[PDB]
Amino acid sequence: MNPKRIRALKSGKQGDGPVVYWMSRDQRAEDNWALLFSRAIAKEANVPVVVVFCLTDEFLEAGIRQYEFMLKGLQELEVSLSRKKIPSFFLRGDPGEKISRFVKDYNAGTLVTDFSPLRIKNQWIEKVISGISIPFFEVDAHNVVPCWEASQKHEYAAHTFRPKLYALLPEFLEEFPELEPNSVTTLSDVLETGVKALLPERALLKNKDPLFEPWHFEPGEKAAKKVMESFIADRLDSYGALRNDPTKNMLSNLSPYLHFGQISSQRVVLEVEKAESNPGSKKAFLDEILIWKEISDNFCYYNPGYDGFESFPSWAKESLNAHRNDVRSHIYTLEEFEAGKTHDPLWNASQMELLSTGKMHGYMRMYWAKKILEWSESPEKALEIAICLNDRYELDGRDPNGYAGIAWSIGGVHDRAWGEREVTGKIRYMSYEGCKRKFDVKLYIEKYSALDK
DNA sequence: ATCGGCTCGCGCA
DNA sequence: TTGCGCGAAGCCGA
Ligand SMILES: Cc1cc2c(cc1C)N(C[C@H](O)[C@H](O)[C@H](O)COP(=O)(O)OP(=O)(O)OC[C@H]1O[C@@H](n3cnc4c(N)ncnc43)[C@H](O)[C@@H]1O)c1[nH]c(=O)[nH]c(=O)c1N2
């Protein structure tokens, strides 16, 4: 294992108990550098490895759709793990308090957690270090090239990060070894409890039917692989040419699995690389899962204010500021945006895709966000509303790719200046008529019309 | 240091 | 649609 994937959080003396993988971002049994390191650390000490996961109360901020998708994954994973003789524990509370307690409770030898740039995981980690005395390690098991290794600074753009990343790919793109089973030796209640709490909040139809259609993405490590497999057989070949067409199902559809770590993106890269197809599609796809996925982790990790105005570049701050007092053609409230009551039937269509499938087509995510800027009273409100809806209804929400993506659309982060406009200033414009030239807009609106109810 | 090159709309064929 | 050349625009890093 490449030791540059390991960061030492808290130095100390190796206790003589088990090795504890605090699993958080990467909820998979396979292709998991964090669980592989733990087992290594375990194996030399002749102790077992165990996995702990903390079900916090953040689930009350989203909906049944994300929380059933996550728990059904953890149920499968639990089985996966016990078959490898690795027990799994599940705590319910504040990771700062519960993990600390647990580590003392079970006399853990060493502590290990996977990596995530989001503000709140570092808060927990800090709290955790004050509460323990054993060594504490962190492993990047989400990125092909560990976030802190790929760059030491905020990258202004893909085209600056891209040479830095591909120089290190030969070293970090590699196969995964086997999760060796242990040698030395309730989730269902939680899920029924959580839904009963979230139920008053369900996104319902007029006839009391749920909006959300749970059949588009089956959750779990197994299903995730079958999705990847299926993208490579049918859709990879056409990806470069039809990726940007909302009327063709030609995306990988991996982002819900990746978000929850139910499959490794290092694995996808390994499998796409070895696939023969259209070079242009492979190149198109690899740029998305390598450059754009991981510069997003770079963004949050070096900009703690990643979900606010002040993280924008100077030029875009200037510009939006200078157009704060422009007359907006339209001003909608969150509640109107939420229910698709704008004047723009293409915009409403894509919000109905969001509402019922929990995954809005990549290209329409750009449109969607910019019309929120154009049709709200201020850039901050735009940011607020676009974050709110993104995180509440996307299956892949509350994710670095989220904040980095919204910042692109509303703030030109990782983007450049365009012709000055009213209201949106120099931020990249997108039009209805421009979509008309690019895809059969009417089909798209047609598909999601019968939903206004 | 000096300037080439970065993930839209639109005219047009 | 489909692709090209052009525009408008701020800045990093050879
Ligand atoms: C307004 C808005 C909001 C969001 C986002 C963009 C925009 C404009 N993104 C990014 C992007 O829209 C999203 O990752 C894709 O829809 C994922 O779907 P597929 O895997 O089918 O993409 P596709 O199959 O084409 O790409 C495969 C993978 O490449 C990566 N990728 C693709 N587009 C990317 C992008 N624009 N930025 C970064 N990585 C990208 C992702 O890992 C994705 O799973 C995001 N992503 C996310 O998963 N959750 C979110 O909540 C958001 N938030």
Side-chain angles (χ1 to χ4, degrees), chain A residues 150-167 238-248 250-252 255 278-299 302-303 311-323 329 344 346-347 350 360-375 382 386 400-446:
Chain A
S151 174
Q152 296 75 248
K153 65 171 245 272
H154 158 89
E155 299 288 327
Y156 194 69
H159 81 85
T160 79
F161 182 63
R162 176 152 24 215
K164 272 135 134 170
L165 194 36
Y166 279 81
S238 291
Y239 183 78
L242 309 175
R243 56 179 299 260
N244 271 339
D245 184 333
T247 68
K248 310 273 178 21
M250 284 289 114
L251 318 177
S252 67
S255 62
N278 178 265
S281 275
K282 280 176 71 174
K283 207 280 188 189
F285 190 81
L286 285 183
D287 267 8
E288 297 292 338
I289 203 153
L290 287 181
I291 300 316
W292 286 108
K293 170 154 153 344
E294 313 208 345
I295 208 190
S296 293
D297 259 39
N298 160 275
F299 178 60
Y302 297 91
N303 302 74
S311 64
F312 295 178
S314 283
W315 69 264
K317 285 194 260 205
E318 298 227 335
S319 187
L320 293 169
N321 282 358
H323 294 281
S329 73
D344 179 349
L346 173 53
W347 192 99
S350 70
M360 192 192 294
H361 185 278
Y363 191 89
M364 290 314 299
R365 301 217 205 176
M366 299 194 285
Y367 197 69
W368 188 79
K370 296 178 173 295
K371 270 24 204 166
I372 288 177
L373 180 53
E374 228 196 301
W375 301 332
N401 285 6
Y403 311 103
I406 298 189
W408 185 85
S409 303
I410 284 167
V413 164
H414 290 151
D415 194 2
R416 57 194 187 93
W418 306 83
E420 188 157 16
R421 296 194 87 102
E422 279 176 3
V423 189
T424 64
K426 293 159 162 151
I427 304 299
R428 191 191 297 244
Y429 192 56
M430 288 177 83
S431 40
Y432 184 86
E433 310 81 39
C435 295
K436 243 173 179 280
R437 307 170 49 121
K438 317 221 183 89
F439 63 87
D440 185 358
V441 152
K442 224 57 199 166
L443 231 33
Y444 188 57
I445 295 162
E446 187 175 288

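In what follows, every chain begins at residue 1, and chains take the letters A, B, ... in the order their sequences are listed.
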Where the sugar of B:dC8 falls when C1'-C2'-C3'-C4' decides north versus south: north
Distance below 4.0 Å between A:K426 side-chain N/O and C:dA8 OP1 or OP2: no
Worked check of side chain to side chain donor-acceptor pair (under 3.5 Å) between A:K282 and A:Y239: CA-CA 8 Å; A:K282 280 176 71 174; A:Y239 183 78; over 6 Å; no
Quiz item: A:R428 side-chain donor-acceptor pair to B:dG9 base, under 3.5 Å: no
Atom-pair distance (CD on A:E318; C1' on C:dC11), nearest Å: 13 Å
Nucleotide of C:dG13, C:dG7, C:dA9 approaching A:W418 most closely (side-chain heavy atoms): C:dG7
Distance below 4.0 Å between A:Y363 side-chain N/O and B:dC8 OP1 or OP2: yes
Nucleotide nearest A:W315 (side chain, heavy atoms from C-beta), chosen from C:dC12, B:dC10, C:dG10: C:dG10
No-H, no-angle donor-acceptor pair, A:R437 side chain to C:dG3 base, under 3.5 Å: yes
Spacing between A:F161 atom CZ and B:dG5 atom P, to the nearest angstrom: 23 Å
Nearest to side-chain heavy atoms of A:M430, which nucleotide of C:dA9, B:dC8, B:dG5: B:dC8
A:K370 to A:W347, cation-pi by 6.0 Å centre distance and 45° axis angle: no
Atom CD of A:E422: over 12 foreign heavy atoms under 6.0 Å: no
Same-atom distance (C1') from C:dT1 to B:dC10, integer angstrom: 15 Å
Rounded P spacing from B:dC8 to C:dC11 in Å: 22 Å
C:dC12: pairing nucleotide in any strand, Watson-Crick or G-U under 3.5 angstrom: B:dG4
Distance in angstrom units between A:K438 NZ and C:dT1 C1', rounded: 13 Å
Heavy-atom side-chain contact between A:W418 and A:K426 under 4.5 Å: no
Sugar-phosphate, base or nothing in reach of A:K153, heavy atoms under 4.0 Å: sugar-phosphate
Distance in angstrom units between A:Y156 OH and B:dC6 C1', rounded: 10 Å
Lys/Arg-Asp/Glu bridge criterion (N-O < 4.0 Å) met for A:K164, A:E155: yes
Atom-pair distance (CZ on A:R162; P on B:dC6), nearest Å: 9 Å
A:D415 CG to C:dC12 P, straight-line distance once rounded to whole Å: 14 Å
Separation of atom CG in A:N244 from atom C1' in B:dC8, rounded to whole Å: 12 Å
Chi angles and distances behind the ring-ring contact (aromatic ring centres under 6.0 Å, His included) call for A:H159, A:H414: CA-CA 9 Å; A:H159 81 85; A:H414 290 151; over 10 Å; no
Sugar of C:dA9 - north (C1'-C2'-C3'-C4' positive) or south (negative): north
OP1 or OP2 of B:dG9 under 4.0 Å from side-chain N/O of A:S431: yes
Separation of atom NZ in A:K371 from atom P in B:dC8, rounded to whole Å: 13 Å
